[PDB]
Amino acid sequence: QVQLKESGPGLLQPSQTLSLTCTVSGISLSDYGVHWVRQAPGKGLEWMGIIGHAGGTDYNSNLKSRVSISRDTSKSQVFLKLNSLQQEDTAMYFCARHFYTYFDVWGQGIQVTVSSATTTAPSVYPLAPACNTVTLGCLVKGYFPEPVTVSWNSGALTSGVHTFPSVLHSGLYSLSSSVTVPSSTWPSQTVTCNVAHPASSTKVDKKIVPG
Amino acid sequence: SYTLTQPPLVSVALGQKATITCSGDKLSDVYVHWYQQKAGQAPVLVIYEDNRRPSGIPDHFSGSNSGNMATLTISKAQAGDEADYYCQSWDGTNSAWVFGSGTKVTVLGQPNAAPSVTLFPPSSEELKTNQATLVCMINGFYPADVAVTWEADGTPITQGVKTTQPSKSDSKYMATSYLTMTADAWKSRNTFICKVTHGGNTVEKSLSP
């Protein structure tokens, strides 16, 4: 019964102020406090603050001077605000119940990204091998936001495919895919990859060829 | 400015005892708590008050706190026990809750396999932009932890580099590392190399314009 859910945006810029509402149900806020914790990509869990059952608050030192927590006990809502944002504010945000010293019930979590990036369609580039089976590739370079679909010969190449995770620097994302094909087939039969980026309304085919 | 020290990784074959250790100044004065976290999910309270279980949690978790070390035991580890684990505590000195640095406990359930590296050169199409992106693709390795290094004419190359975190494919893990640079700062060099380290094995792939 006792549940906590987070709501709010997932894309902000280094100006805006963040606003997350943690919604409680099963229990009443009048007799329970609620923590906020965040977690940067592949990094530790950091406690930000708490608003107790009494309405008293308490924040972390490194966050202070730019973090606010409040609530609304009728709607069972708990609120969080981070002004003065930057890239390194980008993280998964959790709300969690206070129960003595430990955190017994957590929210599912809400991802938030801070980025001054605009919707950029990718540059797809081919990847032929540099001089018993061959592997080719597609470089989806410089796009925002996620995701980007990558296919091969419009679904005719299902086996041998490998899509790697996207990486990010100077705002835009980068991502690559590959296809191991029987040595005989390529290049007697052509291999194209089909990249899609619904955010930029972009579909782009690219034939991979010897060099 | 209280901080809890936690060893980053802990490998262990299926059915073996995993021990994760949490350190502090006077850690036995205050209670310690442990949360389990599986990639992309909220933490779950596995242990609390040093050595106590909440209802629902398996009996193969067990904790203790003596000296200055808290410790979370996983006896007879399983595939579903693999996760990031975090210790936690309170401190009065400055009213705040403090989390441990985290221990990524990996539960090994198959032979450790070597990676297959493929290093692609820049594309003509890209080079007309006056840019150069090398693509070092790493495949079919286990467990999921690699270390990539780039090197030009035998002088370690750091700047302009970025690497994806590992990611599971069918039965084994995969990752790429990119080296971004100008079109001519590629044509100038004699030879480029991506060094992919895994276990006690290095795999190298060369690329010379």
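Any read-out appearing in this document is the output of simple, stated calculations on the displayed coordinates, not a laboratory observation. With ideal geometry, Cβ positions are generated from the backbone for all residues, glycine too; neighbour counts draw on all protein chains shown.
Residues that are more than 12 Å from A:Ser30 (Cα to Cα) and in contact with an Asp or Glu (Cβ under 9 Å, 6 or more places away or on another chain) within region A:53-68 comprise A:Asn60, A:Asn62, A:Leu63, listed in sequence order.
Pairs meeting the criteria (first residue in region A:101-117 and more than 17 Å from B:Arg53 (Cβ to Cβ), second residue of a type in the set (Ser, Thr, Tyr) and assigned to a loop (DSSP other than H, G, I, E, B), beta carbons under 6 Å, at least 6 apart or on different chains) are A:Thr113/A:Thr90; A:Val114/A:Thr90.
Just one of B:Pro54, B:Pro8 is more than 28 Å from A:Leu63 (Cα to Cα) and within 11 Å of another protein chain (Cβ to nearest Cβ); which is it? Working first, answer last.
Numbers: B:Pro8 fails: more than 28 Å from A:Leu63 (Cα to Cα).
Step by step, each of B:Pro54, B:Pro8 is checked, and only B:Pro54 is more than 28 Å from A:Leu63 (Cα to Cα) and within 11 Å of another protein chain (Cβ to nearest Cβ).
Scanning region A:60-69 for residues that are surrounded by 13 or more Cβ atoms within 10 Å (Cβ to Cβ) and either within 14 Å of chain B (Cβ to nearest Cβ) or farther than 16 Å from A:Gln16 by Cα (or both) yields A:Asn60, A:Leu63, A:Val67, A:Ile69. The residue that is farthest from the other protein chains (Cβ to nearest Cβ), counting only those in region A:131-153 that are surrounded by fewer than 22 Cβ atoms within 10 Å (Cβ to Cβ), touching a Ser or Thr at 6+ places or on another chain (Cβ under 9 Å) and part of a loop (DSSP other than H, G, I, E, B), is A:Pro145. In region A:10-31, is there at least one residue being within 14 Å of another protein chain (Cβ to nearest Cβ) and in contact with a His (Cβ under 6 Å, 6 or more places away or on another chain)? The answer is no; no qualifying residue exists.
The criterion of at least 1 residues that are of a type in the set (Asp, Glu) and away from chain A (no Cβ under 13 Å) is met by the following strands (runs of 3 or more DSSP E) wholly inside region B:82-168: B:147-152.
If only residues of region B:16-35 that are outside any strand (DSSP E or B) and under 22 Å from the mean Cα position of the chain (by Cα) are counted, the one that is farthest from B:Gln110 (Cα to Cα) is B:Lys17.
Criterion applied to A:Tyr93, A:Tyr102 was being more than 8 Å from chain B (Cβ to nearest Cβ) and buried (at least 19 other Cβ atoms within 10 Å of the Cβ), and the one residue passing it is A:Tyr93. Answer with yes or no whether A:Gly42 is farther than 20 Å from B:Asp91 by Cα, within 13 Å of chain B (Cβ to nearest Cβ) and surrounded by fewer than 20 Cβ atoms within 10 Å (Cβ to Cβ). Judged against the criteria, A:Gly42 is a match. For region A:160-211, enumerate the residues that are within 11 Å of another protein chain (Cβ to nearest Cβ), over 21 Å from A:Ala130 (Cβ atoms) and in a loop (DSSP other than H, G, I, E, B). Within region A:160-211, A:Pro165, A:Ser166, A:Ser170 qualify.
Looking across region B:13-59, the residues that are touching a helix residue (DSSP H, G or I) at 6+ places or on another chain (Cβ under 9 Å) and surrounded by fewer than 19 Cβ atoms within 10 Å (Cβ to Cβ) come down to B:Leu14, B:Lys38, B:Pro58.
Residues in region B:166-176 include at least one that is closer than 29 Å to B:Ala13 by Cβ and among the hydrophobic types (A, V, I, L, M, F, W, C).
Among the residues of region A:45-59 satisfying the criterion of being β-branched (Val, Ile, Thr) and under 16 Å from A:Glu6 (Cβ atoms), which is farthest from the other protein chains (Cβ to nearest Cβ)? Please lay out each step first, then the result.
Here is the first cut: in region A:45-59, the ones β-branched (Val, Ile, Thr) are A:50-51, A:57.
Next, from what is left, pick out any that are under 16 Å from A:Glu6 (Cβ atoms): A:50-51.
Values: A:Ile50: 8, A:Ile51: 14 Å.
Checking each candidate, the answer is A:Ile51.
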